[PDB]
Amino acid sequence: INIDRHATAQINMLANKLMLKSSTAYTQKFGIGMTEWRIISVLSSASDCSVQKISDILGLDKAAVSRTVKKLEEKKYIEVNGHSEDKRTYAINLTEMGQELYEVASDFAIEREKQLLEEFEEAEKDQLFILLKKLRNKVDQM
């Protein structure tokens, strides 16, 4: 059966294989899984990361984010910031060790991304981001 022109199928097989390889890579190099890495990278980039905000950004459901954030808490990479004395909700933050992890693992993330796009011309990269965002806009409508 031909699913070459099946966008969902193509994108899912691409994403799944990339994620599986990354699971191995991050685990062997840094002792964390791919999903742990995705969350750490979100925490380094954004402010007031609730579980909701991390889920919105990554597309993983809240249960998945919550379970991973708990693991990262146990590994002492993140801590829950209650903001007890502030007119705002709790937030998840990197600990000092989680920040160090990000510092060292981000170089590896950057190299893998460079590798993924090795054969792309500059305009092809631009075209790629535009088309993914168009897809991302339609999905939000479905």
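Just count from 1 along the sequence shown to find any residue number.
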Which of the two stretches, 78-86 or 100-108, shows the higher mean Cα temperature factor in the record?
-> 78-86
Out of 5-13 and 127-135, which one has CA B-factors that are higher on average in the deposited record?
-> 5-13
Could you check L58, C49, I40, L117 and tell me which one carries the biggest Cα B-factor in the deposited entry?
-> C49
Comparing against every modelled residue in the chain, figure out the third that the C-alpha B-factor of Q28 lands in (lowest, middle or highest).
-> highest
Determine, from the deposited record, the chain-internal third of the Cα B-factor for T68: lowest, middle or highest.
-> lowest
Of the three thirds of the chain ranked by Cα temperature factor, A91 occupies the highest
